[PDB]
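Each chain gets a letter, A, B and so on, in the order the sequences are listed, and its residues count up from 1.
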Amino acid sequence: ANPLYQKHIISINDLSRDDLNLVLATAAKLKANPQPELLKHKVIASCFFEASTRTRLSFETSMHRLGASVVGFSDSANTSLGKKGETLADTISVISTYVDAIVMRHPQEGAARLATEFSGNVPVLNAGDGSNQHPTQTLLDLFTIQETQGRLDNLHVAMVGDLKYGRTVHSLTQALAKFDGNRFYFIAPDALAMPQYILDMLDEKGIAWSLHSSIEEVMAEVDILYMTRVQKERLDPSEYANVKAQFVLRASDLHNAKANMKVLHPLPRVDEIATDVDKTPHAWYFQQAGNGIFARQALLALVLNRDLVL
Amino acid sequence: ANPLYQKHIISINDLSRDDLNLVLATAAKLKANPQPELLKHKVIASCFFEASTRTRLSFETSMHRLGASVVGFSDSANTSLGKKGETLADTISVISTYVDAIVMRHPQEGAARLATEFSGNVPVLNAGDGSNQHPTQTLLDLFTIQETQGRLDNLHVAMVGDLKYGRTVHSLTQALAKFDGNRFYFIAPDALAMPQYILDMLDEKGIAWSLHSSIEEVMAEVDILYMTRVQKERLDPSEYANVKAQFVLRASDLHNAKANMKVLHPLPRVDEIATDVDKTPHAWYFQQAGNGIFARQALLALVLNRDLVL
Amino acid sequence: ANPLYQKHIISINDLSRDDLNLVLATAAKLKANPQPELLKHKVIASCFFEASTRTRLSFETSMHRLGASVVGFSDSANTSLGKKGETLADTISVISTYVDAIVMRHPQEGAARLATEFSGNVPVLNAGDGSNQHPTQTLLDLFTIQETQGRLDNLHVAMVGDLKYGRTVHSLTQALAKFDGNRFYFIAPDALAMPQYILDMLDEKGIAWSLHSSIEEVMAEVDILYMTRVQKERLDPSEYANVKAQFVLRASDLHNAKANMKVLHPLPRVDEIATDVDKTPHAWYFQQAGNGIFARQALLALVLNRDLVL
Amino acid sequence: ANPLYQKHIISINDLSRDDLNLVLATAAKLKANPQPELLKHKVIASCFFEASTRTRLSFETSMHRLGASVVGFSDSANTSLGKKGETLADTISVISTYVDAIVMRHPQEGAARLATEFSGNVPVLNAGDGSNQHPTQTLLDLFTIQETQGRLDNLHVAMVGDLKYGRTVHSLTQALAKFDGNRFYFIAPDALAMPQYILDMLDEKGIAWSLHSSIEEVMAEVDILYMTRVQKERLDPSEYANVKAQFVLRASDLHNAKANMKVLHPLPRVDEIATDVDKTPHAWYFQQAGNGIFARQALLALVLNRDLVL
Amino acid sequence: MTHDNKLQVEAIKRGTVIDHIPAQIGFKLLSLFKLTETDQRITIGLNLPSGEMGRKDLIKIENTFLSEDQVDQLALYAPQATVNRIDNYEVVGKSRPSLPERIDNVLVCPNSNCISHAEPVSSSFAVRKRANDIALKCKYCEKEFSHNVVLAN
Amino acid sequence: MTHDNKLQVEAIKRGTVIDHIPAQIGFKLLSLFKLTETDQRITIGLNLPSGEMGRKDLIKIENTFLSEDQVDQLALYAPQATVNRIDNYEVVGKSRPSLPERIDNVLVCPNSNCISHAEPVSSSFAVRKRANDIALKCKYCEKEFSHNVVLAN
Ligand SMILES: Nc1ccn([C@@H]2O[C@H](COP(=O)(O)OP(=O)(O)OP(=O)(O)O)[C@@H](O)[C@H]2O)c(=O)n1
Ligand SMILES: Nc1ccn([C@@H]2O[C@H](COP(=O)(O)OP(=O)(O)OP(=O)(O)O)[C@@H](O)[C@H]2O)c(=O)n1
Ligand SMILES: [Zn+2]
Ligand SMILES: [Zn+2]
């Protein structure tokens, strides 16, 4: 039976290098020969207690492309649970009673891991829990680095944007640190710096990282440029606009980028990457979103299937 | 053709003992050998004009486990019908024009029965109509009594909680009165008593029932303990909390319960059944919710299928 | 000074027979010989944390007919104090450095009594605190009973409607039970009956009370008919519509009443009192609301003036 | 006339040392010998386009203790002016033909200064304009500092909390930097620090300032402790909860403070100041809010009266 | 100093001995009445082999004397206890509790709309009707409940 | 004998004696680890003079052998505590608290948005001594905090 069989995909910290590589090699096969009836007769719950359209539509299309049925709700549009005082332990103990896997997003951190205490043998895959984890975004990001760069090690990765509160830059740094010789460049306004616990973890594994205040200082060496959106609530109007708003990529800055450099962004991109960037070979943000289909398909395949003939 | 073929499952008062037993014997076969393609090519509408997640997710999973497609809406999240002034007779006359069965919940009493006047030959199955009926909750409850107790007659059933406004205790008493020698114990605060029309119907069939003020007075003799939630709007804050809030089950009270006794609760349970009860063999509220899958599957099977080979 | 000078007016329970008569005596004098510059230079705060247009306007008009200034607010889904984080206690502690008196209505019980411990020497007057108390409504009912019947003792008072949850009827019985020889008739639906506490109190004083089920049963002996509104929220639609051939009041019912019998209602009166009662001589609910001005003028003048020689 | 006669009060930046002392001098006279008919026949408009119950009530009570009339509004999700289509400029142009002065609080910065160009010769007083300015809060803090410490210069002032975004602390430093020899201690979490502009200004005047990380580090030398509320919206839950063994104030911390040390807070104080500080002699936030009345009375009397011989 | 032993432990000089605390109420009394917040020696005997209850609890607080109404807040929980006041190795005082007229701080109003929950005030209840079974009225919301109900939670 | 010490010590026959409890943690450990919820003889001594180590507390629990894991849990509170078992009137093992792998039940996540607050879940933190302090990671929100931020709340 494969190692992920019937596991809960709750945190990136729980998946090893070998786990990562297994998911990424399966995503590459499903992308090459479809298996549209692999999850026939399986019903899956798509519980999104906090709405997220991008993520939901992608998880459900992946469920649909392997042949499973989907039941479920998107909320913060008061679809009745949470009423009376139904605990999350009780909701998941009743949903667990008729679906074969639960995909869930929830606003508090830790909710997917608690769901795990109540689901019996129905796998729980986390699609976001507050500011804590989002494994399936890290898995699709990694798949897009591997597929475009040929590797996951010896990479020069720049992370640009709000690094303090961006839940996806924090997990991708933890996943990439599982691998060898990667080098990080962080470019963030002073108020949105990459937290100490990330930096301390990097130092302790001997991985190289540095702070730069301009993409221009590092464009030349960079393989993956992962941009993040700054939400202007995180600063004030005048701070946002002040000399700190220039973490914006334009086509002109790519002038001297390596021929293999790719620009990645979890999305919504609102203005940090200008529309003219789209025309360049380096723009890979949307191709990155399409890759979320094969990384989520692979996790559902590996988790619901004992043996998989590839 | 089976008797339920193409019938509207609107009220428990319309289903006979024989009807009840037929649904319950089919639920037992579908639970034992799945028939996941029985309703292939059927499309079903899940119209929930009032939201109810628990009930919807279960009805749709049951539809999915027999192979039907589901289209539909959950509202009180203003999904556009009711607008302009579209009568319910007109909505159901247009939905009836392309789906093979309508499952519907609506806030006013009588709405499912009216849908029946406009659907032509498309069966209408009621998933709740105001404070009137909810057949599919009574059917799953009965299935859970039969499956755990071996029978539906000669039962000692205690009903505890808000008996005045609890729409499911009122129907289950009417269904159980279809059967023989059952004995009822009602334990309710004075303001939430079991209504006269129920009691009068029991007296007239010669069925035994009695009022007790403590589970403790009757634990010993009881087979099914059906607890209901009191909503504190039905009383005032201080009434709720006053000596009337002790219709709460704890593990300690089960001390001397018969080895076959089961605790059932339609859910949300908020505090009337304490979390430590869950660990006992008698807690069957969640297993009761899982049984809603086979009782709703059986009704969809029997209603859309002429002949059923079992 | 006068007995009530600088006193907090929180509960009818806290004012003796003589205090109630002092108020009622002043209010008759203020009705007869007005004093428009009595609180000249006083600023009262009208803090309606819960909105009631009728109570707020009667109070502010009281404030202004004695020449006072007014600052305050009402809060349905709006304007900041309390918020949650800001305590009622810090709101009062702040507001009691700005004003000379605080009239307040709040949804949780005892909010006015809590206020009293933070207002310094600033009097606080309760305009409603949840289901606990509303002293100025009882003060205007008793003034209306005194000026129509000529006394407050030896009255045949009939109380009708929701006796279980009308806060004004619990207070009015308390108050009329400080004067002597009153006979009480309580006509309520048994779901909505007088609590045992009012009744147990009344028996310790030796007061005569009876419960009837139709106003028609006492029309002939009664002096005050106090009609309360029956509350549809904690009644089922079908229960509400089923009570006898009803307990609403129509002029046909009055053909039997004494010449000096009066119909009082705290208002609003949606449908328990029909429009034709409005033109009989027994109709007194609107004169009752005008007496609100004289009862609250009295309370404010006595609380804020040491000696009043009016 | 007096220096401030008919002047607009928009920014603390715009009032010199002597103007600030004139205000503070008048407010001490109005506190001592009240003049209730000073603005008899004046109508002020209390236009709170943004709601603040505490600021609106302090102002209107000011208006009324000087005998003025008041027309105005507050707007959380309601009542029409501005709307969007109707400019702030046409609202003011219309309202300045009706009133004698305009006190206004608005969410965008500079709204009060825009107002000034449309009000004709009608003075406008700023009660808050986004994150820019709030002059009458600084005027009451300085009055409270002057009447407790006896002067406004040579003070050891400690400023604590969100120094980056507290608008009152940016203003208070500006103002106290017009008097001589003040020493500033700024205890903030580095995510929430004094901006470089306040600091760069303070160095051009030669003023001494230091940054510390615990109130415990300066408790012993300090005269005013100005506590600000730390704002959970732009802090992560886990960041907020992690700052040292905290920077909230408890009486244990005060055992070291000077006899004349005072704790000020613009309020609300959810949890940075514990309830036990409230009963020490160093607690002065509620007296501070009462001085709001005398500082705004002074500003209104000086703006609307040519010469005041009080 | 005098012979302790522990089946019925001995002699403190000067202080209070609350003896014949029912059983499992001893720690409730230490928790609730914060008897522990002293800096003096406290000695406590829990589930002890004696006076007729069979097992009982006992608390000895040296150098502190609590009384008149402190002894009375004990009445709801430990009504059959004796509070011995001791000076110089002798029980110069034996007291018992009686229902007070006010129980401050220790209870929680079972009425959820009560304002007392949220705020910097202490709970307070008027007590009444001895040993046929006590009613407690909240100071603030003025709802009167059965003591066993407030006492449950 | 006398240089006071003991005054004829409550020498138990079989049990656990936790000694050197650092002053004021004594009551904390009872409540937190629910040591009084038993029917066996306990004798607690609070603010006992440890002239030799200032002050201390000490719990004597009879016919109880709280061990291995149970002892290690106390390390966050009373790091300096010697548990000693007794099989027949004297010390037959004297164990010190060593820092454990995980700390369950006792402790609250500082994170107000952590799901553990609203739910039927027992807290659990992974212990890690960052040689200067002990960091505690919540298993649910997976946020890591100084043990002193957690140990107030
Ligand atoms: N210096 C002393 C003297 C007495 N005691 C305590 O005082 C309590 C009871 O006082 P006492 O009258 O001396 O014994 P009793 O007659 O049993 O008192 P009662 O009958 O009221 O229980 C005993 O538990 C004993 O431990 C004590 O600890 N220290
Ligand atoms: N029958 C006994 C024997 C010992 N003890 C207790 O067990 C503890 C063990 O201490 P011990 O090894 O006897 O000598 P200490 O020097 O007191 O131990 P430590 O080094 O921890 O101070 C003492 O507090 C003593 O009260 C006891 O209650 N009963
Ligand atoms: Zn209360
Ligand atoms: Zn946590």
Side-chain angles (χ1 to χ4, degrees), chain A residues 45-57 59-60 70-86 91 95 104-107 127-128 268, chain B residues 43-61 63 69-99 101-115 118-119 122 124-132 134 136 167 231 233 268, chain C residues 51 76-78 232-233 237, chain D residues 75-80 83-84:
Chain A
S46 178
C47 307
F48 273 68
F49 303 90
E50 151 180 297
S52 180
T53 303
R54 306 255 86 284
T55 305
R56 196 177 133 249
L57 285 195
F59 244 124
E60 299 176 2
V70 188
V71 278
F73 51 101
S74 21
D75 188 19
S76 264
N78 221 194
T79 32
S80 300
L81 68 179
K83 276 19 249 61
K84 280 86 168 315
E86 210 171 6
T91 304
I95 284 171
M104 68 181 289
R105 182 178 267 226
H106 187 282
Chain B
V43 177
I44 290 161
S46 178
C47 307
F48 273 68
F49 303 90
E50 151 180 297
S52 180
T53 303
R54 306 255 86 284
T55 305
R56 196 176 133 249
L57 285 195
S58 160
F59 244 124
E60 299 176 2
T61 292
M63 293 175 202
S69 286
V70 188
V71 278
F73 51 101
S74 21
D75 188 19
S76 264
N78 221 194
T79 32
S80 300
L81 68 178
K83 276 19 249 61
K84 280 86 168 315
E86 210 171 6
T87 57
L88 185 77
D90 291 353
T91 304
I92 280 355
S93 303
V94 179
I95 284 171
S96 160
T97 248
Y98 44 84
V99 297
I102 288 168
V103 163
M104 68 181 289
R105 182 178 267 226
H106 187 282
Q108 289 171 258
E109 303 70 19
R113 170 141 282 152
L114 179 158
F118 290 89
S119 68
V122 172
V124 179
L125 315 225
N126 177 14
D129 57 335
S131 44
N132 175 14
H134 196 6
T136 236
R167 150 225 233 189
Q231 324 98 84
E233 306 159 66
Chain C
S76 269
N78 277 269
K232 54 214 91 289
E233 292 56 56
Chain D
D75 175 13
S76 269
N78 277 269
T79 317
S80 11
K83 152 156 288 203
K84 187 177 71 196

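Here B:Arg113 pairs with B:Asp14 under the salt bridge (charged side-chain N to carboxylate O under 4.0 Å, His left out) rule; sequence neighbours left out. A search for side chain to side chain donor-acceptor pair (under 3.5 Å) contacts involving B:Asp90 returns B:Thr87, not counting sequence neighbours. For the side-chain contact (heavy atoms from CB on, under 4.5 Å) test, residues two or more places apart in sequence or in another chain that qualify with C:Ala51 are C:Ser74, C:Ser76. Listed by chain and residue number, nothing satisfies the side chain to side chain donor-acceptor pair (under 3.5 Å) test with D:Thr79 (two or more places apart in sequence, or in another chain). B:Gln108 pairs by the side-chain contact (heavy atoms from CB on, under 4.5 Å) definition with B:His106, not counting sequence neighbours. Under the side-chain contact (heavy atoms from CB on, under 4.5 Å) criterion, C:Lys232 pairs with C:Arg229, C:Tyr240, C:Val270, not counting sequence neighbours. Among residues two or more places apart in sequence or in another chain, the side chain to side chain donor-acceptor pair (under 3.5 Å) test is passed with B:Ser96 by none. With sequence neighbours left out, B:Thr91 forms a side chain to side chain donor-acceptor pair (under 3.5 Å) with no residue at all. Under the side-chain contact (heavy atoms from CB on, under 4.5 Å) criterion, B:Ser58 pairs with A:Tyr98, B:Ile293, B:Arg296, not counting sequence neighbours.
Put simply, the side chain of B:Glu109 never gets that close to the backbone of B:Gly130: no donor and acceptor are under 3.5 Å apart. In this structure, the side chain of B:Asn78 does not engage the main chain of B:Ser80 through any donor-acceptor pair within 3.5 Å.
Listed by first then second residue, pairs satisfying salt bridge (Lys or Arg N to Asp or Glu O under 4.0 Å) with a partner in residues 47-60 of chain B read A:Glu86-B:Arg54, B:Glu50-B:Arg105, B:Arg56-B:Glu60, not counting sequence neighbours. Identified under the salt bridge (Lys or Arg N to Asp or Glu O under 4.0 Å) test for residues 73-82 of chain A, with sequence neighbours left out: none. Residue pairs that meet the ring-ring contact (aromatic ring centres under 6.0 Å, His included) test with at least one member in residues 71-97 of chain B, sequence neighbours left out, are B:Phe49-B:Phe73.
With rounding to the nearest 0.5 Å, the separation of CG in B:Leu125 from CD1 in B:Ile44 is 8.0 Å. Distance check: B:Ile102 CD1 to B:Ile92 CD1 gives 4.5 Å after rounding to the nearest 0.5 Å. With rounding to the nearest 0.5 angstrom, the CE atom of B:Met104 is 8.0 Å from the CD1 atom of B:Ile95.
Across all their heavy atoms, B:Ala127 and B:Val103 have their closest contact at CB-CG1, 4.3 Å. Annotation for B:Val124 and B:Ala112: closest pair CG1-O, 4.0 Å, computed over non-hydrogen atoms.
For the pair A:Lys83 and B:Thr53, the minimum side-chain heavy-atom distance is 4.5 Å or more.
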